[PDB]
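Take a look at the structure below.
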Amino acid sequence: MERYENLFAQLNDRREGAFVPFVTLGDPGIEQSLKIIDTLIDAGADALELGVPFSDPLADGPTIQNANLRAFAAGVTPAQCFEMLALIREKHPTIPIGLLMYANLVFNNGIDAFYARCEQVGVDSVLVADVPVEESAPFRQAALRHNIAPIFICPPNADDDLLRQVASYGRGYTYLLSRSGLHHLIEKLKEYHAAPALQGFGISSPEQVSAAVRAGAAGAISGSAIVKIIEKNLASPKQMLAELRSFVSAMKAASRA
Amino acid sequence: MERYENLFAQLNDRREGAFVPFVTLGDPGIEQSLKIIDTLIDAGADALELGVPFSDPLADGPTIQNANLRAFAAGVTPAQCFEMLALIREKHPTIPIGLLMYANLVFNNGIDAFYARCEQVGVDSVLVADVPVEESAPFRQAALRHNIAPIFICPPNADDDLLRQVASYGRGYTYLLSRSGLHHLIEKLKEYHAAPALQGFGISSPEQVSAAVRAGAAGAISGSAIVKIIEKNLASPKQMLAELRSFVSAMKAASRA
Amino acid sequence: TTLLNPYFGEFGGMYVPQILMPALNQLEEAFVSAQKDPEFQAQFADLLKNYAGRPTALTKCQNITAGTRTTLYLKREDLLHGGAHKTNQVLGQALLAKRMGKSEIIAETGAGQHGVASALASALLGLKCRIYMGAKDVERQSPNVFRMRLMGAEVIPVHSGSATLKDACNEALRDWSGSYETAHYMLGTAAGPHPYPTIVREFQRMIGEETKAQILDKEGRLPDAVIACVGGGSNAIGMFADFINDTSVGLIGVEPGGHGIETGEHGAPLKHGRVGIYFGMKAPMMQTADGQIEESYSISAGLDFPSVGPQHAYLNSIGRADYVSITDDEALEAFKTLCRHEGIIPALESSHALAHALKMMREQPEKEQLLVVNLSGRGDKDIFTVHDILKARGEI
Amino acid sequence: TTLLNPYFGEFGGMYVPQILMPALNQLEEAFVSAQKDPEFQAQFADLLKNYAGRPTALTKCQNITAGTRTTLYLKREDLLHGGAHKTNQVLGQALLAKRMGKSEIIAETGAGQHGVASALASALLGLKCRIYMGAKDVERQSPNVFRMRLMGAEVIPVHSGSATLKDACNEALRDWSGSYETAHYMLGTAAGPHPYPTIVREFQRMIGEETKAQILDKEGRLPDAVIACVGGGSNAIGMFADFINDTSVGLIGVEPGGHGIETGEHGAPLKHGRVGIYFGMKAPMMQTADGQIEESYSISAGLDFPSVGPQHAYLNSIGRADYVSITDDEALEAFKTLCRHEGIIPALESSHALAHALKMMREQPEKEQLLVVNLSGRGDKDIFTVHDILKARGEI
Ligand SMILES: O=C(NCCOP(=O)(O)O)c1ccc(OC(F)(F)F)cc1
Ligand SMILES: O=C(NCCOP(=O)(O)O)c1ccc(OC(F)(F)F)cc1
Ligand SMILES: O=C(NCCOP(=O)(O)O)c1ccc(OC(F)(F)F)cc1
Ligand SMILES: O=C(NCCOP(=O)(O)O)c1ccc(OC(F)(F)F)cc1
Ligand SMILES: *Cc1c(COP(=O)(O)O)cnc(C)c1O
Ligand SMILES: *Cc1c(COP(=O)(O)O)cnc(C)c1O
Ligand code: NA
Ligand code: NA
């Protein structure tokens with residue numbers, strides 16, 4: 001499919017940025033997570049980034065570490081995540097769906113088989129957090145053979161060789177990091193015909209979405225801010241969804257011309 | 001004085017051995033110790049060997065270690081021991097009195113001064129347990145200047161040089177050890193004109209006294225056996241003295257022709 | 001692109017987030033430079049000799065082998081300053097950090113030994129050291145925590161995840177990704193992403209180099225086998241490296257068998273795990289059927305890394321080295337045996353290596369063989385562990 | 001009559017019951033013979049090198065002395081097998097016991113270190129070792145007791161007297177007087193009756209011999225002073241002996257000052273006691289006005305001998321060596337300082353020596369001086385003692 005290409009062309013026609021929430025699949029349980037995701041979409045999410053719970057998420061801060069723990073408390077497994085993904089795609093045929101994976105879960109039963117399963121359930125992209133471009137070949141190749149976009153991170157200091165590699169190897173979008181653990185990066189990515197850039201890390205208010213789009217990014221990704229709302233409202237699921245709806249509506253509105 | 005020479009000449013006229021009890025001065029207290037000593041004499045002790053309590057009696061087994069501890073529990077000091085000795089001599093003008101000392105108590109305030117104090121209270125001999133003949137010169141010299149007999153141990157294996165040294169250096173009697181931690185020793189001591197031999201260590205029954213005298217010794221010394229009787233009867237002082245009287249009478253009777 | 005090969009056959013690599021690649025590349029460049037620099041080599045050698053106490057003895061154990069045709073030597077890393085081999089490589093890494101102009105050290109620790117080694121190197125060399133330690137380990141290893149603090153290190157309890165070694169490792173890497181301009185990550189074994197498996201081997205290789213010279217001096221020939229325990233792989237690769245090209249010399253690595261391989265409660269991923277990608281590398285690990293990383297188990301906390309250095313996986317795959325396992329009880333028996341017969345209290349880690357040598361001897365007592373065991377550390381730290389077990393099961 | 005002089009001026013001698021003289025004479029003869037025997041010397045040297053780890057390093061401590069004109073080296077007896085200098089002389093004494101045809105060893109211990117050293121030497125050399133230890137010490141030193149037992153020694157609690165070191169010493173001597181035909185008494189310091197002060201010095205003198213060669217190599221001159229703690233005197237005389245005839249080299253012995261000399265709670269008989277006769281020798285001791293032997297006190301149990309070796313009393317009397325004291329708090333500060341600034345955890349005993357060197361430096365920081373401290377042992381054993389004090393007084 002070409003779901004990201006279609007989205008970005010449609011947003012460009014509307015002079016509009018993408019707003020892309022991240023959540024952990026199965027946080028805080030399978031059924032509430034499905035409701036959370038439907039609420040994110042109904043509230044205006046342009047695409048989704050979805051984490052599969054992993055025992056040791058090195059690239060994640062405490063908020064998302066805790067989201068993974070909550071999902072593990074509910075017994076969530078990768079197989080259950082793929083069952084969820086199939087249901088999500090069945091309900092929502094056009095929204096781009098990207099996974100955020102750690103390498104072991106992709107490599108475990110075979111890299112090809114992982115990307116084959118992504119294609120089968122209707123996933124559009126995979127970002128493997130701990131595979132740098134230098135190690136990426138078997139991943140990006142398997143991705144492309146199964147019509148999955150391999151997503152790469154472009155760190156804030158990327159030298160020129162790295163920019164060119166990310167531009168060549170990525171598809172779907174380029175994940176532009178706000179920081180470590182800018183118009184120069186954005187223009188160079190465009191010069192090298194990279195996939196459109198989505199800014200992520202630390203995006204938690206409407207003005208940041210507008211700023212990202214003004215800097216020339218195609219949109220913004222927000223995770224910890226969304227997951228915080230989950231964490232805050234564990235005792236009241238209904239208020240959780242209302243607070244999520246309110247947050248996403250505001251972030252998406254900031255992306256519109 | 002010549003109290004040992006007088007005793008041994010008198011016993012020899014009666015074809016009789018000496019029986020010599022050992023006790024710790026001030027065990028289990030000063031007044032009971034004075035009574036114990038009067039009872040030993042009345043019951044037939046020919047001479048006394050008397051220990052001054054010392055913090056670390058290396059040459060002593062557990063029975064006498066405990067006698068020292070009891071005396072320390074009663075606050076007994078060397079000064080109090082010398083006060084006791086003066087009273088004993090005042091009551092009993094002819095009985096030979098020997099002390100069993102450790103070196104530090106003799107050296108502490110000056111070797112000469114120690115032997116001068118012995119002479120003043122009427123002590124007849126001193127055995128310093130941890131001064132071998134090799135270290136004995138200042139001790140035996142000070143002893144002799146104050147008319148005190150220096151007593152030496154003759155161990156069971158004494159080679160010929162040691163026998164000759166003990167014979168030359170000792171006075172009063174020769175302390176003949178029954179064992180470590182015999183007619184050859186006795187005859188050689190007599191050949192070298194040694195002070196008469198008293199056998200000690202492990203002497204606890206009448207037959208041992210008779211045997212010692214038959215082997216040619218001038219008598220026998222008994223300590224732990226006497227001190228055991230004290231230890232056994234701490235709760236009944238009166239029975240203590242009766243049991244001591246009975247034990248000493250029996251041991252002394254075994255020494256008679 | 002790298003200066004040196006990041007792989008040993010299939011195994012190894014640099015499986016870290018993109019943001020950490022510049023730190024790894026910087027470190028590789030610094031290391032390649034230092035290895036060619038006679039001044040760096042001389043400074044390292046000087047610290048090893050005059051501070052740490054190298055060379056370490058090679059001790060013949062004739063009481064242990066009585067009545068057999070085995071001759072056994074122990075390479076005495078238990079006599080190294082700090083009481084374990086870890087000191088060698090922390091000194092090298094501290095010098096590298098200084099070469100790169102860094103004033104700060106980050107380290108992870110589980111049992112606390114690497115923490116203590118990192119702390120002493122940092123104290124000596126004027127580096128500000130912070131150590132990540134899982135909160136369960138902090139609570140479990142009070143003596144080592146207090147040593148680290150005495151030596152001026154900041155000990156940071158990690159309450160996240162399961163609050164053990166892998167969580168400390170992750171917290172250390174998170175910190176480094178933000179601080180690598182001024183802080184060096186002093187990884188504690190011959191594992192993790194390139195260039196660490198290579199750096200740690202090179203900064204431990206004096207173990208085998210000395211052993212070779214000492215055995216040639218004492219016996220006029222090379223060993224039939226050199227035997228080392230394998231937690232992450234550093235003491236073993238340090239012993240092995242100089243002998244790899246001596247094809248007659250057996251290289252035997254000993255993983256912890258815990259309660260027994262068949263119980264699943266063990267620490268032997270190399271022979272009983274499955275290849276995965278974690279800890280920045282492709283290597284055998286302890287993992288679920290699903291790919292979640294699970295724990296090692298051993299009586300010896302120092303052998304709890306649930307994976308293994310990639311060079312060991314490679315040496316096994318080609319048949320150059322052989323890997324075996326030893327149970328808790330076998331290790332305990334070897335510990336008791338050394339204490340009684342040679343007056344040397346071995347680390348429980350090292351006791352696994354010794355236990356395997358004892359088996360080689362006992363199983364075939366008329367086999368003529370010359371064996372060296374790497375005695376990777378001293379076992380003063382283990383006497384309470386050993387006491388409590390012996391008491392619980394009735395003896396003593 | 002003896003082969004060698006039993007006295008150092010007034011001090012020393014053989015003040016034992018007559019029954020023990022043949023044991024002492026036998027031992028003296030055996031020692032004089034062994035010292036002339038190149039085979040004995042070679043066997044001893046071989047054990048020292050290949051089992052114990054000699055030579056020990058001489059480590060320059062430049063962080064400690066920063067900003068001053070003091071250059072400080074530590075002689076690293078903390079790196080010796082067993083973690084203290086005591087190992088040197090027990091190996092020599094075990095070889096002497098074998099030379100005399102004995103199969104059994106008797107030893108005394110207070111803090112347990114000499115017990116552990118005697119046990120490891122006996123395990124190595126095939127001797128049946130029994131160790132006397134006051135019951136209060138047994139209860140107080142569980143870790144060392146279990147080490148001794150692991151190494152096959154029989155540990156015999158002494159409940160008599162005050163159930164501490166002097167009672168253990170007495171029980172050991174009682175046993176020996178009956179068993180000396182088949183058992184050797186392995187006395188643990190350079191004190192007691194002749195020939196022990198001489199034997200123990202000679203079997204520790206490699207400390208100073210190495211230090212001399214190492215300092216000449218590293219500085220091209222001798223030290224201005226060598227500084228050692230003094231409990232009974234063995235590590236100090238071992239450091240001092242080779243320098244006695246180098247009249248420019250200061251010899252500084254450090255006794256424990258405990259809570260302060262003025263409190264009476266200390267362990268400094270050499271400078272603050274009175275000559276007496278006890279422990280088989282004429283020497284300064286801690287005693288009442290009446291002559292009863294009293295106790296030392298120090299934070300460091302290893303410095304609790306309430307007397308001192310006679311050669312130290314003699315070297316003091318002629319002005320060749322100088323003796324000073326260091327309090328518990330000064331020792332604690334030196335312990336903390338070494339840990340933090342050099343990454344070396346010193347025994348609390350050795351910390352007394354270090355504390356005095358620190359004072360020499362701090363009191364006169366522009367005085368140019370080259371100092372060696374004998375770091376007689378490692379301080380892993382003291383970390384709980386140090387922790388508990390620091391906790392009790394608020395810090396940490
Ligand atoms: O999208 C992610 N998180 C959600 C957005 O960040 P935030 O809103 O700050 O939680 C996200 C993306 C990549 C990642 O790993 C690595 F960078 F290594 F590839 C970790 C988290
Ligand atoms: O007379 C003594 N004890 C009493 C008699 O012995 P026993 O009846 O067995 O207690 C006695 C004599 C000497 C001695 O020390 C040494 F031998 F070294 F000089 C210790 C005890
Ligand atoms: O085993 C490790 N360290 C040893 C700690 O030693 P100790 O203090 O004795 O537990 C260890 C630490 C980090 C690592 O890689 C990565 F950083 F990526 F996670 C791999 C192994
Ligand atoms: O200090 C002594 N031993 C050291 C024990 O060392 P540690 O185990 O560290 O207490 C010590 C032991 C015996 C001695 O002489 C004598 F045997 F006559 F009593 C003098 C000093
Ligand atoms: C840490 C440790 C080990 C295990 O680590 P490796 O990297 O596998 O060598 C082994 N022995 C001792 C004494 C240790 O401290
Ligand atoms: C026993 C001990 C001492 C004290 O004994 P000396 O005979 O006076 O040397 C000093 N340091 C250490 C480390 C010890 O174990
Ligand atoms: Na492992
Ligand atoms: Na002393």
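Ordering of the structure tokens sets the chain letters (A, B, ...), residue numbers begin anew at 1 in every chain, and ligands are numbered from 1 in the order given.
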Enumerate the residues of region 13-213 of chain A with a DSSP assignment of strand (DSSP E or B), computed from the backbone, and present them as a tab-separated table (two decimals) with C-alpha atoms, in the first residue's frame.
chain	number	residue	atom	x	y	z
A	18	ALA	CA	0.35	15.51	10.51
A	19	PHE	CA	-0.27	14.89	14.20
A	20	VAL	CA	0.86	11.38	15.19
A	21	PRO	CA	0.33	10.00	18.69
A	22	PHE	CA	2.39	7.17	20.17
A	23	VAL	CA	0.98	4.62	22.63
A	24	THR	CA	2.06	1.21	23.87
A	48	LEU	CA	-0.35	6.08	14.69
A	49	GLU	CA	2.94	5.00	16.19
A	50	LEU	CA	2.42	1.87	18.30
A	51	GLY	CA	4.88	0.17	20.65
A	97	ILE	CA	0.15	2.57	11.25
A	98	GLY	CA	3.80	2.47	12.30
A	99	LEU	CA	5.36	0.17	14.87
A	100	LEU	CA	8.13	1.03	17.29
A	101	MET	CA	10.09	-2.15	17.86
A	125	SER	CA	6.10	1.13	8.81
A	126	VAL	CA	8.52	-0.15	11.40
A	127	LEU	CA	11.09	1.78	13.34
A	128	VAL	CA	13.56	-0.53	15.09
A	149	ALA	CA	8.49	1.41	5.16
A	150	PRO	CA	11.63	1.22	7.27
A	151	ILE	CA	11.80	4.31	9.47
A	153	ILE	CA	15.98	8.40	13.20
A	154	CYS	CA	17.85	11.49	12.19
A	174	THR	CA	11.97	10.46	8.49
A	175	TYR	CA	11.91	10.50	12.27
A	176	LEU	CA	13.52	13.77	13.17
A	177	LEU	CA	14.76	13.87	16.73
A	197	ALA	CA	10.07	14.62	8.30
A	198	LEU	CA	8.04	14.14	11.47
A	199	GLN	CA	9.50	15.77	14.54
A	200	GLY	CA	9.40	13.76	17.76
| Which residues form the shell of 7 Å around ligand 4 when you count only C-alpha atoms and all ligand atoms, given as a list in words? | residues 108, 109, 110, 111, 112, 113, 114, 115, 165, 166, 169, 170, 173, 187, 188, 189, 191, 192, 193, 232, 279, 280, 301, 302 and 305 of chain D
- Query: Using only C-alpha atoms and all ligand atoms, what are the residues with an atom within 9 Å of ligand 8, set out as a list in words?
  - Reply: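 Those residues are residues 230, 231, 232, 233, 255, 256, 267, 268, 269, 270, 284, 285, 286, 296, 303, 304, 305, 306, 307, 308 and 309 of chain D.
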Produce a file of the selected residues containing N, CA, C and O atoms, as a PDB file, in the first residue's frame.
ATOM      1  N   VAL D 230      52.926  -0.643  64.822  1.00  0.00           N
ATOM      2  CA  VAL D 230      53.567  -1.530  65.777  1.00  0.00           C
ATOM      3  C   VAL D 230      52.482  -2.067  66.727  1.00  0.00           C
ATOM      4  O   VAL D 230      52.007  -1.343  67.614  1.00  0.00           O
ATOM      5  N   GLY D 231      52.104  -3.334  66.531  1.00  0.00           N
ATOM      6  CA  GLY D 231      51.256  -4.062  67.470  1.00  0.00           C
ATOM      7  C   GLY D 231      52.087  -4.943  68.369  1.00  0.00           C
ATOM      8  O   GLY D 231      52.198  -4.698  69.569  1.00  0.00           O
ATOM      9  N   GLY D 232      52.686  -5.952  67.758  1.00  0.00           N
ATOM     10  CA  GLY D 232      53.730  -6.714  68.372  1.00  0.00           C
ATOM     11  C   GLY D 232      55.097  -6.399  67.785  1.00  0.00           C
ATOM     12  O   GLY D 232      56.099  -6.573  68.453  1.00  0.00           O
ATOM     13  N   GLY D 233      55.159  -5.935  66.540  1.00  0.00           N
ATOM     14  CA  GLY D 233      56.382  -5.525  65.957  1.00  0.00           C
ATOM     15  C   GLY D 233      56.868  -6.191  64.688  1.00  0.00           C
ATOM     16  O   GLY D 233      57.913  -5.789  64.171  1.00  0.00           O
ATOM     17  N   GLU D 255      52.510   3.204  67.366  1.00  0.00           N
ATOM     18  CA  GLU D 255      51.661   2.424  68.266  1.00  0.00           C
ATOM     19  C   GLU D 255      50.250   3.004  68.243  1.00  0.00           C
ATOM     20  O   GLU D 255      50.086   4.212  67.992  1.00  0.00           O
ATOM     21  N   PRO D 256      49.249   2.189  68.571  1.00  0.00           N
ATOM     22  CA  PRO D 256      47.894   2.747  68.625  1.00  0.00           C
ATOM     23  C   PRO D 256      47.653   3.605  69.864  1.00  0.00           C
ATOM     24  O   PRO D 256      47.925   3.197  71.001  1.00  0.00           O
ATOM     25  N   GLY D 267      47.111   1.480  73.235  1.00  0.00           N
ATOM     26  CA  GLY D 267      47.948   0.314  73.039  1.00  0.00           C
ATOM     27  C   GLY D 267      49.376   0.680  72.742  1.00  0.00           C
ATOM     28  O   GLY D 267      49.979   0.169  71.790  1.00  0.00           O
ATOM     29  N   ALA D 268      49.941   1.568  73.573  1.00  0.00           N
ATOM     30  CA  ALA D 268      51.253   2.127  73.295  1.00  0.00           C
ATOM     31  C   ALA D 268      52.195   1.855  74.454  1.00  0.00           C
ATOM     32  O   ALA D 268      52.706   2.783  75.097  1.00  0.00           O
ATOM     33  N   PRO D 269      52.463   0.568  74.732  1.00  0.00           N
ATOM     34  CA  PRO D 269      53.345   0.245  75.837  1.00  0.00           C
ATOM     35  C   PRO D 269      54.769   0.722  75.653  1.00  0.00           C
ATOM     36  O   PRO D 269      55.448   1.000  76.675  1.00  0.00           O
ATOM     37  N   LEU D 270      55.255   0.795  74.417  1.00  0.00           N
ATOM     38  CA  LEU D 270      56.659   1.082  74.222  1.00  0.00           C
ATOM     39  C   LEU D 270      56.959   2.467  74.810  1.00  0.00           C
ATOM     40  O   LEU D 270      57.917   2.643  75.554  1.00  0.00           O
ATOM     41  N   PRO D 284      58.661  -3.555  77.498  1.00  0.00           N
ATOM     42  CA  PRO D 284      57.614  -2.632  77.960  1.00  0.00           C
ATOM     43  C   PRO D 284      56.238  -3.261  77.863  1.00  0.00           C
ATOM     44  O   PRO D 284      55.923  -3.904  76.840  1.00  0.00           O
ATOM     45  N   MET D 285      55.417  -3.128  78.899  1.00  0.00           N
ATOM     46  CA  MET D 285      54.061  -3.605  78.796  1.00  0.00           C
ATOM     47  C   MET D 285      53.076  -2.705  79.493  1.00  0.00           C
ATOM     48  O   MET D 285      53.432  -1.874  80.293  1.00  0.00           O
ATOM     49  N   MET D 286      51.826  -2.963  79.161  1.00  0.00           N
ATOM     50  CA  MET D 286      50.678  -2.361  79.793  1.00  0.00           C
ATOM     51  C   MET D 286      50.452  -3.154  81.080  1.00  0.00           C
ATOM     52  O   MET D 286      50.088  -4.315  81.030  1.00  0.00           O
ATOM     53  N   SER D 296      45.575  -3.772  75.984  1.00  0.00           N
ATOM     54  CA  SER D 296      45.660  -2.655  75.063  1.00  0.00           C
ATOM     55  C   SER D 296      44.195  -2.269  74.657  1.00  0.00           C
ATOM     56  O   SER D 296      43.224  -2.958  74.960  1.00  0.00           O
ATOM     57  N   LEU D 303      46.198  -4.473  66.474  1.00  0.00           N
ATOM     58  CA  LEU D 303      47.205  -3.769  67.289  1.00  0.00           C
ATOM     59  C   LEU D 303      47.034  -3.933  68.805  1.00  0.00           C
ATOM     60  O   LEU D 303      47.638  -3.169  69.561  1.00  0.00           O
ATOM     61  N   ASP D 304      46.284  -4.946  69.240  1.00  0.00           N
ATOM     62  CA  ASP D 304      45.990  -5.209  70.690  1.00  0.00           C
ATOM     63  C   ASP D 304      47.015  -5.960  71.547  1.00  0.00           C
ATOM     64  O   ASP D 304      46.760  -6.234  72.715  1.00  0.00           O
ATOM     65  N   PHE D 305      48.162  -6.364  71.026  1.00  0.00           N
ATOM     66  CA  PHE D 305      49.143  -6.891  71.938  1.00  0.00           C
ATOM     67  C   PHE D 305      49.589  -5.847  73.010  1.00  0.00           C
ATOM     68  O   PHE D 305      50.094  -4.766  72.682  1.00  0.00           O
ATOM     69  N   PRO D 306      49.368  -6.163  74.333  1.00  0.00           N
ATOM     70  CA  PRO D 306      49.670  -5.199  75.390  1.00  0.00           C
ATOM     71  C   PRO D 306      51.179  -5.098  75.739  1.00  0.00           C
ATOM     72  O   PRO D 306      51.536  -4.554  76.786  1.00  0.00           O
ATOM     73  N   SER D 307      52.043  -5.579  74.857  1.00  0.00           N
ATOM     74  CA  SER D 307      53.475  -5.367  74.989  1.00  0.00           C
ATOM     75  C   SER D 307      54.004  -5.078  73.570  1.00  0.00           C
ATOM     76  O   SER D 307      53.250  -4.611  72.706  1.00  0.00           O
ATOM     77  N   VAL D 308      55.284  -5.314  73.357  1.00  0.00           N
ATOM     78  CA  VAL D 308      55.920  -4.942  72.108  1.00  0.00           C
ATOM     79  C   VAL D 308      57.192  -5.777  71.988  1.00  0.00           C
ATOM     80  O   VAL D 308      57.781  -6.151  73.005  1.00  0.00           O
ATOM     81  N   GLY D 309      57.617  -6.054  70.764  1.00  0.00           N
ATOM     82  CA  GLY D 309      58.830  -6.833  70.552  1.00  0.00           C
ATOM     83  C   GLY D 309      60.074  -6.184  71.138  1.00  0.00           C
ATOM     84  O   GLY D 309      60.252  -4.946  71.064  1.00  0.00           O
TER      85      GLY D 309
END
- request: Find the residues of chain D in contact range of chain C, meaning any atom within 8 Å when counting only C-alpha atoms, and list them as a count of residues only.
  value: 36
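With a cut-off of 6 Å and using only C-alpha atoms and all ligand atoms, the polymer residues contacting ligand 2 are residues 22, 59, 60, 129, 130, 153, 200, 201, 202, 203, 221, 222, 223, 224 and 225 of chain B; 17 of chain D.
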Looking only at helix (DSSP H, G or I) from DSSP on the backbone, list the matching residues of region 39-154 of chain C as number ranges by chain. C: 39-52, 62-65, 77-79, 86-99, 113-125, 135-140, 142-150
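The two atoms in question, CA of residue 19 (chain C) and CA of residue 56 (chain A), are spaced 17.5 Å apart.
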Practice prompt. Write out as a VMD selection string every residue belonging to chain A that has an atom at most 8 Å from any atom of chain C, counting only C-alpha atoms.
Written response: chain A and resid 54 to 59 65 69 77 to 78 103 to 105 107 to 108 129 to 135 153 to 155 180 to 181
Resulting file, chosen residues, N, CA and C atoms, as a CSV table (one decimal), in the first residue's frame:
chain,number,residue,atom,x,y,z
A,54,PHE,N,8.2,-4.5,25.4
A,54,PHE,CA,9.5,-5.2,25.4
A,54,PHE,C,10.2,-5.1,26.8
A,55,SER,N,10.8,-6.1,27.2
A,55,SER,CA,11.4,-6.3,28.6
A,55,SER,C,12.3,-5.1,28.9
A,56,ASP,N,13.0,-4.6,28.0
A,56,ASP,CA,14.2,-3.7,28.2
A,56,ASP,C,14.3,-2.5,27.3
A,57,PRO,N,13.4,-1.6,27.4
A,57,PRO,CA,13.3,-0.5,26.3
A,57,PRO,C,14.4,0.6,26.5
A,58,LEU,N,15.6,0.4,26.1
A,58,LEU,CA,16.7,1.3,26.3
A,58,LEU,C,16.4,2.7,25.7
A,59,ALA,N,15.7,2.8,24.6
A,59,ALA,CA,15.5,4.1,24.0
A,59,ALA,C,14.4,5.0,24.7
A,65,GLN,N,8.6,3.5,29.7
A,65,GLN,CA,9.1,2.3,30.5
A,65,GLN,C,7.9,1.8,31.3
A,69,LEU,N,5.6,-1.7,31.3
A,69,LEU,CA,5.3,-2.5,32.5
A,69,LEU,C,3.9,-2.7,32.8
A,77,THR,N,1.4,-9.9,25.0
A,77,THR,CA,2.5,-10.5,24.2
A,77,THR,C,2.5,-10.0,22.8
A,78,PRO,N,3.6,-10.2,22.1
A,78,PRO,CA,3.6,-9.7,20.7
A,78,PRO,C,2.5,-10.4,19.9
A,103,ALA,N,15.0,-4.6,18.4
A,103,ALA,CA,15.5,-5.5,17.5
A,103,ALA,C,15.3,-7.0,17.8
A,104,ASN,N,15.4,-7.4,19.1
A,104,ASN,CA,15.1,-8.8,19.4
A,104,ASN,C,13.8,-9.3,19.0
A,105,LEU,N,12.7,-8.5,19.1
A,105,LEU,CA,11.4,-8.9,18.8
A,105,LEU,C,11.2,-9.1,17.2
A,107,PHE,N,14.0,-9.9,15.2
A,107,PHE,CA,14.9,-10.9,14.8
A,107,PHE,C,14.5,-12.3,15.3
A,108,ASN,N,13.8,-12.3,16.4
A,108,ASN,CA,13.5,-13.5,17.2
A,108,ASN,C,13.1,-14.8,16.4
A,129,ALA,N,14.3,0.5,17.2
A,129,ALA,CA,14.9,1.6,18.0
A,129,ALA,C,16.4,1.4,18.1
A,130,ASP,N,16.9,0.2,18.2
A,130,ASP,CA,18.3,-0.2,18.4
A,130,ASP,C,19.0,-0.8,17.2
A,131,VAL,N,18.5,-0.4,16.0
A,131,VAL,CA,19.2,-0.8,14.8
A,131,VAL,C,19.6,0.5,14.1
A,132,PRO,N,20.9,0.9,14.2
A,132,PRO,CA,21.4,2.1,13.5
A,132,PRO,C,21.5,1.9,12.0
A,133,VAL,N,21.6,2.9,11.3
A,133,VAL,CA,21.7,2.7,9.8
A,133,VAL,C,22.8,1.7,9.4
A,134,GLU,N,23.9,1.7,10.1
A,134,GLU,CA,25.0,0.8,9.9
A,134,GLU,C,24.7,-0.7,10.0
A,135,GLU,N,23.7,-1.0,10.8
A,135,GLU,CA,23.3,-2.4,11.0
A,135,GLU,C,22.0,-2.7,10.2
A,153,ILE,N,15.8,7.2,12.4
A,153,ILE,CA,16.0,8.4,13.2
A,153,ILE,C,17.1,9.2,12.6
A,154,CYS,N,16.8,10.5,12.6
A,154,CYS,CA,17.9,11.5,12.2
A,154,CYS,C,18.1,12.3,13.4
A,155,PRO,N,19.2,12.1,14.1
A,155,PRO,CA,19.6,12.8,15.3
A,155,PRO,C,20.0,14.2,15.1
A,180,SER,N,19.1,14.8,21.8
A,180,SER,CA,19.7,13.6,22.2
A,180,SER,C,19.1,13.1,23.5
A,181,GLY,N,19.8,12.1,24.2
A,181,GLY,CA,19.3,11.6,25.4
A,181,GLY,C,19.8,12.4,26.6
### Message
Need the shell around residue 201 (chain C): protein/DNA/RNA residues with any atom at most 12 Å away, counting only C-alpha atoms. Skip same-chain ones fewer than 5 positions apart. Format as a PyMOL selection string?
### Response
chain C and resi 85-86+88-90+92-93+188-191+194-196+206-209+232-242+309-312
